[PDB]
Structures are given as structure tokens and as C-alpha cells.
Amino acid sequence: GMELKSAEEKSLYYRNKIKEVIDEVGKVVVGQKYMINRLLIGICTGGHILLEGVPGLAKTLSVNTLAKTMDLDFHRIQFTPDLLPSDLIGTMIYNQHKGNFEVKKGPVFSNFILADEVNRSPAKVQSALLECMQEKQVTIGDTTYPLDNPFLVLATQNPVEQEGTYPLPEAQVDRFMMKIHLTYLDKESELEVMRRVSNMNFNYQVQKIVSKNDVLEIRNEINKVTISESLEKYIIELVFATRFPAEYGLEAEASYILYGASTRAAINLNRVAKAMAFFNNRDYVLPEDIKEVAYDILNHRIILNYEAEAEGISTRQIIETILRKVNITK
């Protein structure tokens, strides 16, 4: 037989395709390796991402370009105060063939969904979005339809919204795999973006490097990456250090933290560590795979008390301290 050799070849094939996807995205996008890597981890692991800040031209062009290179549909939904939960789920059209008014699958039926300024809509609309993320299906009136596979929600919140704003509470932000704080590009990158995009004949058509089916195969390949018992227990210890920090010798952190990270943090750390391993051409996880993504997975899952926030304490400093303190069992 040849089943083990074929499995080896399929894994190297898909590891090389990820390199080809990044290269193709780079023909349109500049100075954004970090964002693209996280978007890729998201779509391949099934996780959703929350961004703090509204993404500018270079970031939204990065999302639409990545989608094109991966044969995935992309829809941007502008969240507004008058948006209804039913506006997300269905769209009223006039079908000319049937000659009547019927509700077709709404904007959430896509692969990449940029949910822009989710804090501009009422909590019921936010709940509707999170229900889609959690249940992966919705009922258009009578019959239930599953959402597409893969499905990534990239939700953005504007932190300095001077008009009406309903920011997501922490039980809700815990449904996102990562929270990422957006920053401006450096001047050299911004110069190159301006150069490319200002050209009115700039070619934005990228080639499809992988099919939608290949994306689902890449997820299955990542799922096969191995993680030792030692590293599995390490993930659990990191999570428990956020809940009972005084028991790890972090008495100060116990004073800053109201409550720690849910079980979702452990699951994301595991799946994301495997994706990082796969993206670094390995089929086993290393401790550096876990440490590289700990802040992105944990920053929004550690809730600080009112007094710690006023004093200027950041979950970043807390996560760094935990990473310096928790040991791995050989």
C-alpha cells in the first residue's frame, strides 16, 4: 500500500500551499505579516477574531485579498443602530422567476464576514451574530440552514465612538478566539500602499492558490499535529494561573484580577498551537508555538478589577509574568 506515504505527501503539499497563499497576498498587501498570519490561523481553526479599532484600507484590502487567494466568499456587514437581527440572517428580495417576495440567505452566509463596528448596533443584534458563531446555523423563518464552512467572523469595535455605542461585554468577547489591537502601519509600508493603490490601473485580481475544499483539508491536516502530554498540561497550567494566581506565587496578580480565563482559552491555545506548528513546517507542537499566541488568546479573557484598571495595569504585563513563572513538566 501507499496510504502513509500519501498522507505525508498531502501534508507537505498543504504546508507549501500556505507559503504560496502568503506570497500571492503580498502582490496586493504590504507590511502586514502579523495580521495575515492571524487571519489564516482563524480560517484554518474555525475561530473568530475581534479587532479593537476599525480596519483601514490596507487591512480591509488584506482581508478581501486573502479571501480571493483561498477561493472563499467575503462580505462586509456595516453594523448600525437600526440594524435588526433579521437583517443579518436574511435578505428580502423580489424573485422575478417566482413573481413574489421571498427571503434569501442573508449577509452572514459567507466564509469571511467583516462585522464592522459591532458596537454601533443594539445588544440583540450582537447576540444574533454571536448565536451564528456559536451554533453555525440559523432558521430563516420555518426551515434551518447551516452556515458555510469555513466561516470566520472578523468583528471590529471602534473604541472612541463619540456617538451611541454598546460595547460587547466580557461574556461575549470570550466567544472570540483572539482579540487584536490594531495599529497604524510604519511610514515605509504606508508609502508602498499609497504607491500601489493610488495607481488607478493597479491589478487587484490575485490567483486562487487553494480551493474551498483545500481549506477544509488544511484544517484536517492541522488537527493531526501532535501535542505532548507535557505541553497539554502546560496549557492547562497557564489557564489555571489566570484563575488562582496566588497559588503560583503571583500574589500581586491575584490583587489585580477579578476573574480568569474560561475553558475556551485552553481549547484555542491547543488548536492555535497546532496551526503555528503546521505553519512552521512541523507536525508536533513546541512550547514557542504556545507562547507566541498566548497574549492574543488570553488578553481579553483575564478581567481586571476596577482598581487595577485605574492604576494602569494591563493584561499584557500579567500574561508576560505568567509566562515567566509557569514551568513545563519533562
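Heads up: residue numbers just count along the shown sequence, starting at 1.
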task = Pick between 53-61 and 273-281: the one whose mean CA B-factor in the entry is higher.
result = 53-61
remark   = Comparing 76-84 with 142-150, the higher average Cα temperature factor in the PDB entry belongs to 142-150
query = If you check the C-alpha B-factor for each of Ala128, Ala115, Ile222, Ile93 in the entry, which is highest?
reply = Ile93
ask   = Highest Cα B-factor in the deposition, which of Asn203, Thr242, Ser121, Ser228?
value = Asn203
ask   = Once the chain's modelled residues are ordered by C-alpha B factor and cut into thirds, is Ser198 in the lowest, middle or highest one?
value = lowest
query = If you rank the chain by CA B-factor, which third does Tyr234 end up in: lowest, middle or highest?
reply = lowest
remark   = Sorting the chain's modelled residues by C-alpha B-factor and splitting them into thirds places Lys136 in the highest
Where the record places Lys212 (Cα B-factor, split into thirds across the chain) = middle
request  = Report the third (lowest, middle or highest) to which the CA temperature factor of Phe109 belongs, ranking only the modelled residues of the same chain.
outcome  = highest
